[PDB]
Amino acid sequence: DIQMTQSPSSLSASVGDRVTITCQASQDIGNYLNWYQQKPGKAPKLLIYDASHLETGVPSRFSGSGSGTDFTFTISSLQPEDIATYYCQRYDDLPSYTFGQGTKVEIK
Amino acid sequence: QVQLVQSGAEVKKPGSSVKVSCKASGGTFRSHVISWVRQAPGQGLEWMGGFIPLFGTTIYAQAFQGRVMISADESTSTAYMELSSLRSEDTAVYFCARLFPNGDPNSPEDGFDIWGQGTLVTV
Amino acid sequence: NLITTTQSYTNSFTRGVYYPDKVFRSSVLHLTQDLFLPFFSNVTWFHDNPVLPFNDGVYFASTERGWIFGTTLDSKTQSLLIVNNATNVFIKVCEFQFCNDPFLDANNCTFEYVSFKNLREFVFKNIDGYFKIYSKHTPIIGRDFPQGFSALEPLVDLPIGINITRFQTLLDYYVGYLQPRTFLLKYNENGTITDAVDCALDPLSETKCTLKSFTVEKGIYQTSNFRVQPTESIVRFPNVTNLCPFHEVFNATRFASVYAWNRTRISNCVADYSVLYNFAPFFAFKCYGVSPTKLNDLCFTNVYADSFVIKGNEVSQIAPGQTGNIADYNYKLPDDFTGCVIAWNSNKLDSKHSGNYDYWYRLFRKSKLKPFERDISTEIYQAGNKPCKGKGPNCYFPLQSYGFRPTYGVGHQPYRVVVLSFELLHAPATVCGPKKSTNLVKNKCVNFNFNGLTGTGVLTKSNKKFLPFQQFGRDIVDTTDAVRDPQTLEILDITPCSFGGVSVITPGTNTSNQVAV
Amino acid sequence: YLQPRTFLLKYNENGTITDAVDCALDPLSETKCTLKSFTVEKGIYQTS
Amino acid sequence: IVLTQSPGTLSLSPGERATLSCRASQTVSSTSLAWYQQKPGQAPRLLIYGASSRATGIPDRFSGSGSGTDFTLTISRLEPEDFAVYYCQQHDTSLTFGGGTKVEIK
Amino acid sequence: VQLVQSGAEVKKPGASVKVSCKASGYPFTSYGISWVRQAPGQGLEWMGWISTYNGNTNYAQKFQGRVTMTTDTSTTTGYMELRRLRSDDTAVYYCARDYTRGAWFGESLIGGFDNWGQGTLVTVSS
């Protein structure tokens, strides 16, 4: 695999806190990037697919961006409930499902 | 719409297998290749591996790679992770999801993730 | 303990011959064809437990108990277990997983039966059951007689339909292997085998064995004949014949509208399919028809390679039988023999995450179309509530832009798919896959053992002038003694391998035993 | 128009058909075609 | 339909992720569009069929992506291996090659 | 695979060219050879394509009567023939096995301009 990691891995930030969360893998992903966030006490939620284009759901706050080696899942403006661990799976065009480590965006 | 009912939450002990079932909630399983989520306890995420009952052989989990015997029998209204040679590493909340290759032409709002319930395994 | 010892290699002399049948005979010289231990062969003088395969029998001598006569060495296979222990010369016919190496001193097995000083000779022989145990315990004079003529009278049949392959002793040990060789046994008048003659041992013996006697007079005897030779040269008719539309459907960029199944009539050929087998995971390689092999080899006219796009829920229906939504309105396949239809998802290739709406298909066309047609006819749907054009409101499209997404199921992933359907009834086939080019046609060295037409002989170059449409050449009597290389010009005249009659010149076995040949 | 008739073709050494003999043309030809030759010596031959 | 290798003189030293726009005109699916590397004065190699895709001959160091009309070959850490001449093709629509964007040196 | 080409071809302003392209160790018949004109600095000008199977040719309108792609199917040496040579026309071309338009049909197929010609460095210098 490209054996998915994200590099920033533990970006700590409260409400708003101009955000940069980037799933820079070992090597390049092109348009094969999932960006995950897990909702605690529940099943995971895949917000964004390749580099962008958020799912209907998990609102625009968690916003996908970045096209290169590092794809930036920046938050424009979170709120206290947007505590969500930012691991990132990588949809590999044949299934490989390598998830991440968790770049939780916090609140105090 | 679709729920992908999953089995429950119990602990399993080393050497043996852990059985769980992503059960069929009112059709909407055929395309819906039932892969398998693992969700490592609180350190990280994971993908249990799933089976490909969509007209071919099965994919195995990258993480475990050889004794992930993930079978899934969709017509029987049950999925399985079928991890023979479990030790302890599980301690997790293995989910059943409609993992990315699992959308219907219906239910596009539950697009490419119809998640499950989760199964607490441990020692 | 492991009390092991050494090995050797000895010349199994004139011995190892057993009464091949229970028939009495007197003062005859029979000429059998059984399995014997060919004269003057090699025995492996074990001094040390080996695993010892069972090549059709064993002349098993010894000098100092029992043997395990199964095929696998465990509690599985009904490994027969003899033993000679001065209480009874009796057996063990069970499994008994891995007796340590020797001397246990039991599984759901079988029946049972009962009954360095000398030469407990033993030719165990198993033949489609009846593992037979001819033997003779000759009180030899110490080491002096590892040869001298003795025959091995049978001991028991033991009809046992079991397949042996291995054996070994436990607590001498010259394993020799039986072979199919014709002997000439010499019964005296009491009925005993006093001599023998291995017919294929050497020229002299072969002469005795055609004269059916043990003493030949001086003269020249025509014993037998001589020749064989292998080396396969299979230089083939084609040179560079065009392949096929293969690797053009397996590798095309834009397939047809689904109902306009892009069947062609795949072209003339060298459709030697193997470029089939190489491909990465197909996810549909299951040969819908004859076995996924043999297509390269078999020669059908055309397999009419069809080309169309689908999405998985339609792809499910693309199979013999297996009528379903698209093989229920659009794309049907016959009872069998849909060539070797090779489907695969084309996620990255026919849909973008804009959810491509490109390729038109027909659901609600009218009904299921009959097995394997071409449906550029996209007849519109009878939807009722109206007489005018049948279509219900107006325009009931059998034009369904496949309308899928890379975020669906693969049931709804883009699917580009190749279909086949072979033709073989009429005027001879066009497509097929012969070999080619064994080698460097192999002028002399009686090796060039075929050419196009099957021939077996010395096959080299010639100096004939084959009228450049004529390919091979007969002699006055219908034997082809000339051929042209297919891939090149090469008028090769052929000549048969060699042969004659080995005749053996002998002064007469009273004078001496040397022969000229 | 072609018909089923047995001939006796005479290949030379280069391999070419230099002659032929229609076996059922006439008595002489029929004799050549049973002797398998193009020249017959004097004598009385039982052809058919 | 046209192609445009934008950074005709992209000057990024080896060991640094760069970006090379070959910048099409249409929204062409890369199912056709591709890349072809030529030694600077030789015949084009099969560089990137699929126009983002890495085949056998291509190392990991070569990087790139893109769709629509803004194909950005976001090249990864560089090498003189990656200092040939790369010509982004368009198998779609009557193939117009690329003419421009090499990756250059000090 | 080698696609052996000519070299510093010396043509003239008012001559016709027979560029060489030895169809190399591939089964010549089962493919089609495209060509591009690497005008110096001008990337490559789309030359055309021969179907090594049948000779279906998609020439360049630029070289409509000028480029007339032919081939020696026997000795498998491609001859992309351009009349109208000159100093301003002295520009190198190359071969390419056209798998974009997969051959036998003159129809677009998967794959790119496949393995390439050595190079015909046409020196029509005046």
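Those protein sequences? They're chains F, H, B, C, G and E, same order as listed.
Everything in the first sequence is counted per the authors' numbering, starting at 1 for the first residue and increasing by one.
Everything in the second sequence is counted per the authors' numbering, starting at 1 for the first residue and increasing by one.
Here the third sequence stands for residues 20 to 66, 80 to 96, 102 to 142, 163 to 172, 186 to 241, 264 to 609, where the numbers follow the authors' numbering.
Everything in the fourth sequence is counted per the authors' numbering, starting at 269 for the first residue and increasing by one.
Everything in the fifth sequence is counted per the authors' numbering, starting at 2 for the first residue and increasing by one.
Everything in the sixth sequence is counted per the authors' numbering, starting at 2 for the first residue and increasing by one.
Backbone N, C-alpha and C fix where the C-beta goes; we use that ideal spot for every residue, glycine too.
How many whole angstroms separate the CB atoms of residue i and residue j, which I take to be in contact at a CB cut-off of 8 angstroms?
i: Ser77 of chain G; j: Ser66 of chain G; result: Incorrect: roughly 11 angstroms between the Cβ atoms, too far for contact.
i: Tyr60 of chain E; j: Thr72 of chain E; result: Wrong, their Cβ atoms sit about 14 angstroms apart, outside the cutoff.
i: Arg236 of chain B; j: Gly107 of chain B; result: 7 angstroms
i: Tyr94 of chain E; j: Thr77 of chain E; result: So it is not a contact: roughly 18 angstroms between Cβ atoms.
i: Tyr396 of chain B; j: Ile468 of chain B; result: Contact flag wrong, Cβ pair sits at about 15 angstroms.
i: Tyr37 of chain G; j: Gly56 of chain E; result: Not really, about 25 angstroms apart at Cβ, beyond 8 angstroms.
i: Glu10 of chain E; j: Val2 of chain E; result: In fact, because the Cβ distance is near 22 angstroms, the residues do not count as touching under 8 angstroms.
i: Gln492 of chain B; j: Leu455 of chain B; result: 5 angstroms
So for residue i, helix, strand or coil by DSSP?
i: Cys23 of chain F; result: coil
i: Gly107 of chain E; result: coil
i: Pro578 of chain B; result: coil
i: residue 181 of chain B; result: For residue 181 of chain B, nothing is modelled; it lies in the interval where chain B passes from 172 to 186 with no residues in between.
i: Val407 of chain B; result: helix
i: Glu105 of chain G; result: strand
i: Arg213 of chain B; result: helix
i: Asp585 of chain B; result: coil
i: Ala419 of chain B; result: helix
Looking at the C-beta of residue i, does it have a partner C-beta in chain H at a distance below 9 angstroms?
i: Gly404 of chain B; result: yes
i: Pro59 of chain F; result: no
i: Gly30 of chain F; result: no
i: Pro44 of chain F; result: yes
Please return the same chain residues whose Cβ sits closer than 6 angstroms to the Cβ of residue i, not counting the five positions on each side in sequence.
i: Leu228 of chain B; result: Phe201
i: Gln117 of chain H; result: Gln6
i: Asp573 of chain B; result: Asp567, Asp585 and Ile586
i: residue 185 of chain B; result: Structure remark: chain B lacks residues between 172 and 186, so residue 185 of chain B is without coordinates.
i: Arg24 of chain G; result: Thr5, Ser7, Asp71 and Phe72
Determine, using beta carbons only, whether residue i comes closer than 9 angstroms to chain E.
i: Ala352 of chain B; result: no
i: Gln90 of chain G; result: yes
i: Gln27 of chain G; result: no
i: residue 99 of chain B; result: Between 96 and 102, chain B has no modelled residues, and residue 99 of chain B is one of the positions in that gap.
i: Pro45 of chain G; result: yes
Could you pull out every residue in the same chain whose Cβ sits closer than 8 angstroms to the Cβ of residue i, ignoring the five residues on either side in sequence?
i: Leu545 of chain B; result: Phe564, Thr572 and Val575
i: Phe464 of chain B; result: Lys424, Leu425, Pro426, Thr430 and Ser513
Apply the 10 Å Cβ neighbour rule to residue i and answer buried if 16 or more other Cβ atoms are within range, or exposed otherwise.
i: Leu45 of chain H; result: buried
i: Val596 of chain B; result: buried
i: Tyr313 of chain B; result: buried
i: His207 of chain B; result: exposed
i: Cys480 of chain B; result: exposed
i: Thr85 of chain F; result: buried
i: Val19 of chain F; result: buried
i: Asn422 of chain B; result: buried
i: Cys379 of chain B; result: buried
i: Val42 of chain B; result: exposed
i: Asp70 of chain F; result: buried
I'd like to know if residue i contacts chain G, where contact means its C-beta is closer than 9 angstroms to some C-beta of that chain.
i: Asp442 of chain B; result: yes
i: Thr345 of chain B; result: yes
i: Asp1 of chain F; result: no
Hey, does residue i have any beta-carbon neighbour from chain B nearer than 9 angstroms?
i: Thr284 of chain C; result: yes
i: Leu94 of chain F; result: yes
i: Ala104 of chain E; result: yes
Considering only residues of the same chain and omitting the five flanking positions on each side of residue i, which have a CB-CB separation below 7 angstroms?
i: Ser88 of chain E; result: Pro14, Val125, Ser126 and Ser127
i: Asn121 of chain B; result: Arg102 and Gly103
i: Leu54 of chain B; result: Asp88, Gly89, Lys195, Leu270, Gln271 and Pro272
i: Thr78 of chain H; result: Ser21 and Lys23
Would a check of beta-carbon distances place residue i closer than 9 angstroms to chain F?
i: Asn196 of chain B; result: no
i: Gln3 of chain H; result: no
With a threshold of 9 angstroms between beta-carbons, can residue i be considered close to chain A, or not?
i: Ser31 of chain H; result: The structure shown contains no chain A; the protein chains it does contain are F, H, B, C, G and E.
Does the ligand COA have even one heavy atom less than 8 angstroms from the beta-carbon of residue i?
i: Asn61 of chain B; result: Inclusion of the ligand COA in the displayed structure is not the case, the ligand content being empty and no account of it being possible.
Please confirm whether residue i has its beta-carbon closer than 9 angstroms to some beta-carbon of chain C.
i: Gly565 of chain B; result: yes
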